[PDB]
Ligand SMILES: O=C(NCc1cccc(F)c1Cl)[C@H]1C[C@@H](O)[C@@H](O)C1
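The data below hold one chain only, encoded as structure tokens and taken in the form solved without this ligand.
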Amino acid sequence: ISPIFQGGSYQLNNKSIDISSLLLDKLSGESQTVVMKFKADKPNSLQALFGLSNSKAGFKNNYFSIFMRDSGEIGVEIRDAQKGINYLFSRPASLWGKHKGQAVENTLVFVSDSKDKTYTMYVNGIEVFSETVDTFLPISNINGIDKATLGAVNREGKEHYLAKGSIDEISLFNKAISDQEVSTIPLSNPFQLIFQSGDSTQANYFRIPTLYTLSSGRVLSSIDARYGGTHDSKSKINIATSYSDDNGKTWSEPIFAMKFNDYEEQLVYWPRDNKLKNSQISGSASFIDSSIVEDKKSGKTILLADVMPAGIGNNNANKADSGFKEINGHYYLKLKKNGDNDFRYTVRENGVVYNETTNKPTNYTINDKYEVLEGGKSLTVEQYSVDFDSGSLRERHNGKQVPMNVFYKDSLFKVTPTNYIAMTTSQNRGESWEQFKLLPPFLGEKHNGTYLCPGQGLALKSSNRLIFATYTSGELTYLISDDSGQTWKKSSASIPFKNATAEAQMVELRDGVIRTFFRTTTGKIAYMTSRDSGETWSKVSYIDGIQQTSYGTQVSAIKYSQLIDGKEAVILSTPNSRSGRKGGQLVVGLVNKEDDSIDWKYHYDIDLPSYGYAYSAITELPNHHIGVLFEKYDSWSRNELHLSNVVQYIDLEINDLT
């Protein structure tokens, strides 16, 4: 239908604008829709963009506001002292500030709907909240409203929450518009979604993005499709992938690289109240932290991830147990049968389940998908679903039968409650993925598996050598294959930390010279150098000019192909902050051929220093633009848990950085 009111080009310079004379008489009925295109790249800590208030003395709490914080959060307030109603709905990390230097125009759509009794907010096409109340307060039935304000809320005749930005365009409607209509509002988005709520993964949440340009020009991406909110394992998490054949302008409908079936794939809205936000899926096996490379020789595409048996994450993973028993040079996967309190079985050659005590093989075997067969017959378990209908989290058998897998809770045979690493391959560049294979122990029979560094593995330009960085207590443990991933050898590089999350990423500065940048506990990014193609490693140094937080953040890096100011160039993606995971940057370094030192010459501000930026993926797109897929939020912050569509992708050019 038609806007009862429409205005545009409002400047918010810490002075509010009065539009009462225009809007207040238009307002009628109990349903309204605000549509607001606005810019704010230098906002104050807390500012109101829009306000409906009772400016009369004695009614400071009778108002409606649409506000933002300089954290990127957006919210509304609906308050009536006489009615006894005080509503505040919001979401962190809902905004953009700047992109490529210019300020971003955000597209805000707030719906107030008296039929479903529901407040819904969309920003830049994404639904950031939708709240139902039992007692609905139409934004226009607030007692004694006499003001309509932009850039403030007019309380008791003063300008509260003074704003800094602009509203290019604002429309008002005496209707609550439908979803379908909402989707037809044009956007000015500086970004796109590759993975997103409601897509084929059915995961409502995503974390830990990766990017890799393949030899065909196809760009591939892998990610954590996280179902139980944005929690680490333990949870349900699958590895999803999607590709682009047109330099990241469009992306394929995602498919699974690694998935488990013990729990259903459920698009669940996870509770954000303090009483319930730490609810965590506790019976599911899961995957977490993927890394990808292309192998020249085979043409194969290779993906690794951490594997977690039902109910397992890194905080409770059995350290001091690789999950394998060594029998004469060979590592065998161990199993526990129900009723036993010790592990008495192994998976020998041809997946035969052998009893270690009796020394007789058994009538059970383990297939390639780690499913259990008895006497050649496939066994099954019942699937679980999660819900919050009882007011708290509840995992329960949903009726469906799925292949019994030794990583599952209900399995008759179970692996060691510890962390594993697995690989899968694609012969077709992301179109399908093989059944994953578990990797062997690297640091011993009685030492838990290491942790895959998420992002890219490295394909050395002058051999068939493939390296995947992993970490454990006290060292990076690089995994090396010279045979297209069929076999693997470890290369240990000690670091001066214990229990650090040393997420690492490598660049080749020239033939056989590998620089790795990894996350520390120091507030600085560290690095080390191999000069014999990852055989041995230098001592640890640190970069000054970038700061991280004490707990740090994942860092992605690539060796750029074109020269920049005449030099070889390495690009770096990281939050630059000591407060939290915000202030994202791409940092450009020129290499000094004399000594292989790096002069970090350019810093690109991805967005505002106060807006969230966490784990990231960069890649050189086939047209020499830079593709960036990142967590646009503070994935550490306890206040920013469980947001949808905060992992976003952008296209940058080199000159944008310089």
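Start at 1 and count along the sequence shown; that's the residue number.
>> Tell me which stretch has the larger mean Cα B-factor in this entry, 1-9 or 649-657.
In response: According to the PDB entry, the answer is 1-9.
> Averaged over C-alpha atoms, is the B-factor higher for 330-338 or for 117-125 in this PDB entry?
Replying inline: Comparing 330-338 with 117-125, the higher average CA B-factor belongs to 330-338.
> If you check the C-alpha B-factor for each of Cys453, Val352, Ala257, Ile302 in the entry, which is highest?
Replying inline: Highest CA B-factor of the listed options: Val352.
> Per the entry, which of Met528, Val76, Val372, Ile239 tops the list for Cα B factor?
Replying inline: Of the options given, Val372 has the highest CA B-factor in the PDB entry.
>> Ranking every modelled residue in this chain by its Cα temperature factor as given in the entry, which third contains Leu643?
In response: Lowest third.
> Ranked by Cα temperature factor within the chain, is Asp599 in the lowest third, the middle third or the highest third?
Replying inline: Middle third, going by the recorded CA B-factors of the chain.
>> Please place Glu568 in the lowest, middle or highest third of its chain according to the CA B-factor in the PDB entry.
In response: Its C-alpha B-factor belongs to the middle third of this chain's values.
>> Test of reading the entry: by CA B factor among the chain's modelled residues, which third contains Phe38?
In response: As the PDB entry reports it, the C-alpha B-factor of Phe38 lands in the middle third of its chain.
> Among the chain's modelled residues, which third holds the C-alpha B-factor of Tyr87?
Replying inline: Answer is middle: the recorded C-alpha B-factor places it there.
The form solved in complex with this ligand is left out here; the points below concern that form.
> Is the binding site on this chain open or blocked for this ligand after its pose in the deposited complex is superimposed by the nearby C-alphas, counting blocked as 3 or more ligand atoms within 2.4 Å of backbone or C-beta?
Replying inline: Placed partner leaves the pocket open.
> Is there a non-hydrogen atom of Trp270 within 4.5 angstroms of a non-hydrogen atom of this ligand in the deposited complex?
Replying inline: Taking the distances in the deposited complex, the answer for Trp270 is no, it never comes within 4.5 Å of this ligand.
> Would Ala504 count as a contact of this ligand in the deposited complex, using a 4.5 angstroms cut-off between non-hydrogen atoms?
Replying inline: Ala504: no contact with this ligand in the deposited complex.
>> When the contact criterion is heavy atoms within 4.5 Å, does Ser392 count as touching this ligand in the deposited complex?
In response: Heavy-atom contact with this ligand at 4.5 Å: absent for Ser392.
> How about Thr619: is it within 4.5 Å of this ligand in the deposited complex, going by heavy atoms?
Replying inline: The answer is yes: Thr619 has a heavy atom within 4.5 Å of this ligand.
>> I need to confirm a contact call. Of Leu335, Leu95, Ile558, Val555, which residue comes within 4.5 Å of this ligand in the deposited complex, counting heavy atoms only?
In response: Selected residue: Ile558.
>> Can you work out which of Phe468, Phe413, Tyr212, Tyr370 has a heavy atom no more than 4.5 Å from this ligand in the deposited complex?
In response: Filtering the options by heavy-atom distance leaves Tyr212.
>> Taking 4.5 angstroms as the heavy atom distance cut-off, pick the stretch from 262-270, 558-566, 110-118, 84-92 that is near this ligand in the deposited complex.
In response: Selected stretch: 558-566.
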